[PDB]
Amino acid sequence: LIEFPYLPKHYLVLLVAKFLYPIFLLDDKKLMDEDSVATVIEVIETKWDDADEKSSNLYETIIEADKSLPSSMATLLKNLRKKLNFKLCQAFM
Amino acid sequence: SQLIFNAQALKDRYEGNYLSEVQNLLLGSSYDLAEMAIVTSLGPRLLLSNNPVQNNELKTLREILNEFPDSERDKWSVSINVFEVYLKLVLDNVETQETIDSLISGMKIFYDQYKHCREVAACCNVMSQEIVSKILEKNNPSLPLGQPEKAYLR
Amino acid sequence: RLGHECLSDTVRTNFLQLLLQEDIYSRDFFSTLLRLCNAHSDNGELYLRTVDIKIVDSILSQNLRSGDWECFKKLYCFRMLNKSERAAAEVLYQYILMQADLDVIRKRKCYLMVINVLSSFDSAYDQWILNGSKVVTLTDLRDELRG
Amino acid sequence: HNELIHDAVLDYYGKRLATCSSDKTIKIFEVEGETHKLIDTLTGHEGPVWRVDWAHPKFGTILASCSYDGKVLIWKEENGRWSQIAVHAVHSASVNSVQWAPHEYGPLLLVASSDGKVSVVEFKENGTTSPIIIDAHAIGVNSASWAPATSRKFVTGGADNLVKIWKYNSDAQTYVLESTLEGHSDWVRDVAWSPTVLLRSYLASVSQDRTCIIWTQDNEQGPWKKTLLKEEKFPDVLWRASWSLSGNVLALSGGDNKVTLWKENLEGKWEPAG
């Protein structure tokens, strides 16, 4: 509802880090979300196309107070590949 | 005549068709020290045409190694037959505990050899993967983690 | 899963194509069909942890081409024809594109997650040698992001 | 940009050319004649670009690229695409020279910078840049050409105005100060050692004083001898100097576009020639 210039969208990279590694995506296998496996595959489109989203004033010493996988467990959004591959299971096409 | 042929394979060398004329340093056959230089072409692309005629042809290519004159303290074939004992465990199934081969040893020498280029170090990790059930992997398979496969032992 | 001398009660091993002719109309097995240990992989069919190799890369492939039904035998897996180390992670993604046409989902799903294997080494050496990198030979299939 | 071009130097084959400018890039324009062909525009820099040099070929063709920001980017084609395989950024100030060692010597790029420094880039066993820091001129080292065989040798051009000859020894591990020259009175632009195919090297040590002082070694064991290209201050200020691979012919372009084919004749006169 907010697909304008208006509100910038570079906050959505601190916010969703330990959103998407916990159980709100998926972190098991075979979880489905209501109208929201097909609107979160188009913002992790961005984050593998060229480059992860910007913030690094507060995400390059706050990912290590979050305990997210990219800077902490060495492995990047190749563990959010794992957490889309485990709903090529039978919960997203 | 031969001198102009030893400047052809320095001239027509470019970085697109590096392998075309580093092959005509190998098969050039008046050269020496092309024996680990072929390894900086065919390491970044161990892609070939992958049949037992290209592999038996690649046997004929590591016999060019011994055709070269033998230098003081340089020239060896006891760690370059690594990539030729590779072409003997890829037409054969048999789990090797080194009853057969100098080739898991040969990879480990090839992680103290790799010189020029760290994709000459990572091909050593790729030829690890092409030989599974025929090795038990006392080397490593090949940020990109999601699926290295940690189960191959029996 | 057929042992090491228990492959003589299925000495017809191209019978395991034919089991699976009428077996799958249904998703009830595919979970165990990834390279993962005994946990996730013992609920349904065999484990790709310790198992013989014909069972894998001959038996499951000869069935895989055949249209016998699941859409998840046209799609899902990415470690189903891993029994070979990081291998058909790259090239079962394009196994999709060999059966089916290159179109939208099947396009940019499979190019975005394979380009951060195949240029996260990032200078285009060949990783899994039979197709190699995504920028020696599928740089065409990285302008098919758009479209 | 391509209109306040500051370098365009070829490889030893003469088939590859790399032109830089105030473009903040290296637009690769290889020689197909007076037509050239783009292969990639290399962006990595911030600010004006001064010198590039391809490698002498026995260790690839490998394009260094020195620039305002502090940075020398080692570019190399690896499987028909480019990749900056190392970064050599040990400087803060304007980096002003990059010149590979000739393939009569081994892998030894020569980086020079007006921060005070010469840097003899040692290619390690993955192509991993590691310099030994040396100083020639303590105002800044504005240039650095190599001395091939007409052990290892080079020359650097002063912002102290001196043109110091640097000669390698292996019982002290660094470039011993061989000699020190000076007929200069404003800063050195370019120090160009001649690649003569015989015992002889002249050095058109190009200066901002509106003068170029050709030091001459008639044979290498003859000393450095002060002569001038002409014996007056030039109207304008003098740019890039080269010497041929066979003939030892000077070539420089002036500010007013002084075409220079003035080679030293019998009589000792820098004499107009073809």
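Cβ placement follows ideal geometry from the backbone for every residue including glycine, while neighbour counts extend to all protein chains displayed. Read-outs throughout are calculated quantities, based only on the coordinates presented, and are distinct from any laboratory measurement.
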When restricted to A:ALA38, A:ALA65, A:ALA74, the only residue in a loop (DSSP other than H, G, I, E, B) and within 14 Å of chain B (Cβ to nearest Cβ) is A:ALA74
Note on the range D:211-239: residues in a loop (DSSP other than H, G, I, E, B) and touching a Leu at 6+ places or on another chain (Cβ under 7 Å) are D:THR211, D:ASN219, D:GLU220, D:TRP224, D:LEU238, D:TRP239
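Residues are listed down the side, and each one gets a yes or a no for (1) farther than 29 Å from D:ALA149 by Cβ; (2) exposed (fewer than 14 other Cβ atoms within 10 Å of the Cβ); (3) of a type in the set (D, E, K, R):
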site: D:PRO223; (1), (2), (3): no, yes, no
site: D:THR227; (1), (2), (3): no, no, no
site: D:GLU231; (1), (2), (3): yes, yes, yes
site: D:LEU238; (1), (2), (3): no, no, no
site: D:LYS269; (1), (2), (3): no, yes, yes
B:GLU84 passes all but one of the listed conditions (1) surrounded by 18 or more Cβ atoms within 10 Å (Cβ to Cβ); (2) acidic (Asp, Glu); (3) within 26 Å of D:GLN84 (Cα to Cα); the exception is number (3)
Only one of (1) more than 11 Å from every other protein chain (Cβ to nearest Cβ); (2) surrounded by 21 or more Cβ atoms within 10 Å (Cβ to Cβ); (3) of a type outside the set (D, E, K, R) does not apply to C:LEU102, and that is (2)
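Somewhere in the range D:162-174, is a residue under 13 Å from D:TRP224 (Cβ atoms) and assigned to a loop (DSSP other than H, G, I, E, B)? Quick ask: steps written out before the conclusion?
Within the range D:162-174, the first condition is being under 13 Å from D:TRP224 (Cβ atoms), and the residues that meet it are D:162-165.
Those left that are additionally assigned to a loop (DSSP other than H, G, I, E, B): D:162.
Yes - at least one qualifying residue is present in the range D:162-174.
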Within the range C:90-125, the count of residues that are over 20 Å from C:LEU34 (Cα atoms) and either in contact with a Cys (Cβ under 8 Å, 6 or more places away or on another chain) or among the small types (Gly, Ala, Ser) (or both) comes to 6
How many residues of the range D:57-85 are more than 23 Å from D:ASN142 (Cα to Cα) and either more than 14 Å from every other protein chain (Cβ to nearest Cβ) or of a type outside the set (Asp, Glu) (or both)? The answer is 13
Residue set B:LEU65, B:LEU46, B:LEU145; condition on the phi < 0 side of the Ramachandran plot, in a loop (DSSP other than H, G, I, E, B), buried (at least 18 other Cβ atoms within 10 Å of the Cβ) and out of contact with any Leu (no Cβ under 8 Å at 6 or more places or on another chain); output residue B:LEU46
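Among the residues of the range A:77-92, which ones are among the aliphatic types (A, V, I, L, M), touching a helix residue (DSSP H, G or I) at 6+ places or on another chain (Cβ under 7 Å) and either assigned to a helix (DSSP H, G or I) or away from chain B (no Cβ under 13 Å) (or both)?
Filtering the range A:77-92 down to residues among the aliphatic types (A, V, I, L, M) leaves A:77, A:80, A:84, A:88, A:91.
With the extra rule that they be touching a helix residue (DSSP H, G or I) at 6+ places or on another chain (Cβ under 7 Å), the set shrinks to A:77, A:80.
Answer for the range A:77-92, where residues must be among the aliphatic types (A, V, I, L, M), touching a helix residue (DSSP H, G or I) at 6+ places or on another chain (Cβ under 7 Å) and either assigned to a helix (DSSP H, G or I) or away from chain B (no Cβ under 13 Å) (or both): just A:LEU80.
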The helices (runs of 4 or more DSSP H) lying entirely within the range C:59-147 that contain at least 3 residues which are under 26 Å from C:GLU22 (Cα atoms) are C:59-65, C:93-99
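Pick out the one residue from C:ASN14, C:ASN82, C:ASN38 that is surrounded by fewer than 17 Cβ atoms within 10 Å (Cβ to Cβ) and closer than 18 Å to B:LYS150 by Cα. Reasoning before the result, please.
On the way: C:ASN14 fails: closer than 18 Å to B:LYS150 by Cα; C:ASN82 fails: surrounded by fewer than 17 Cβ atoms within 10 Å (Cβ to Cβ).
Criteria check complete, one pass: C:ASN38.
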Residue pairs within 8 Å by beta carbon, gap of at least six or interchain, first lying in the range B:32-59 and within 14 Å of chain C (Cβ to nearest Cβ), second buried (at least 16 other Cβ atoms within 10 Å of the Cβ) and of a type in the set (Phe, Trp, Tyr), listed first then second, are B:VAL39/B:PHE83; B:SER41/B:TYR18; B:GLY43/C:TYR125; B:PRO44/C:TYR125; B:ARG45/C:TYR125
Going through the range B:21-43 in order, the residues found to be assigned to a helix (DSSP H, G or I) and under 16 Å from the mean Cα position of the chain (by Cα) are B:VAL22, B:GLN23, B:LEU25, B:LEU26, B:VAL39, B:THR40, B:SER41, B:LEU42
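Identify, please: which residue in the range D:125-153 is assigned to a loop (DSSP other than H, G, I, E, B) and closer than 17 Å to D:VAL176 by Cα and is, among those, farthest from the other protein chains (Cβ to nearest Cβ)?
The initial filter retains those residues of the range D:125-153 that are assigned to a loop (DSSP other than H, G, I, E, B), namely D:125-130, D:136-140, D:147-152.
Now narrow it down to the ones that are closer than 17 Å to D:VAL176 by Cα: D:136-138, D:147-148, D:151-152.
Working: D:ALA136: 30, D:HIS137: 34, D:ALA138: 36, D:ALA147: 23, D:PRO148: 17, D:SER151: 20, D:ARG152: 21 Å.
In this case the residue turns out to be D:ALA138.
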Reported set for the range B:105-123 where residues are away from chain C (no Cβ under 14 Å) and either farther than 20 Å from B:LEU48 by Cβ or out of contact with any helix residue (DSSP H, G or I) (no Cβ under 7 Å at 6 or more places or on another chain) (or both) is B:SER105, B:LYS108, B:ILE109, B:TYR111, B:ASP112, B:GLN113, B:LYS115
Quick count over the range C:55-99, residues being away from chain B (no Cβ under 14 Å) and β-branched (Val, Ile, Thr), is 2
Per the list (1) within 14 Å of chain B (Cβ to nearest Cβ); (2) touching a helix residue (DSSP H, G or I) at 6+ places or on another chain (Cβ under 7 Å); (3) assigned to a loop (DSSP other than H, G, I, E, B), residue check on A:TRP48 breaks on (3)
Scanning the range B:96-108 residue by residue, the ones that are crowded, with 17+ Cβ neighbours inside 10 Å and under 21 Å from B:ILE38 (Cβ atoms) total 3
Of the candidates B:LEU153, B:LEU136, the one satisfying the condition of being more than 23 Å from C:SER120 (Cα to Cα), assigned to a loop (DSSP other than H, G, I, E, B), within 9 Å of chain C (Cβ to nearest Cβ) and out of contact with any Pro (no Cβ under 6 Å at 6 or more places or on another chain) is B:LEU153
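When only residues in the range D:62-95 that are of a type in the set (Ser, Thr, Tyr) and buried (at least 21 other Cβ atoms within 10 Å of the Cβ) count, which is nearest to D:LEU4 (Cα to Cα)?
Applying the first criterion (of a type in the set (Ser, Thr, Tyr)) to the range D:62-95 yields D:65, D:67-68, D:83, D:92, D:94.
Next, only the ones that are buried (at least 21 other Cβ atoms within 10 Å of the Cβ) stay: D:65, D:67.
Values: D:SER65: 17, D:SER67: 15 Å.
The selected residue is D:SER67.
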Checked against (1) surrounded by fewer than 16 Cβ atoms within 10 Å (Cβ to Cβ); (2) over 30 Å from C:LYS74 (Cβ atoms), A:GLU34 satisfies every condition except (2)
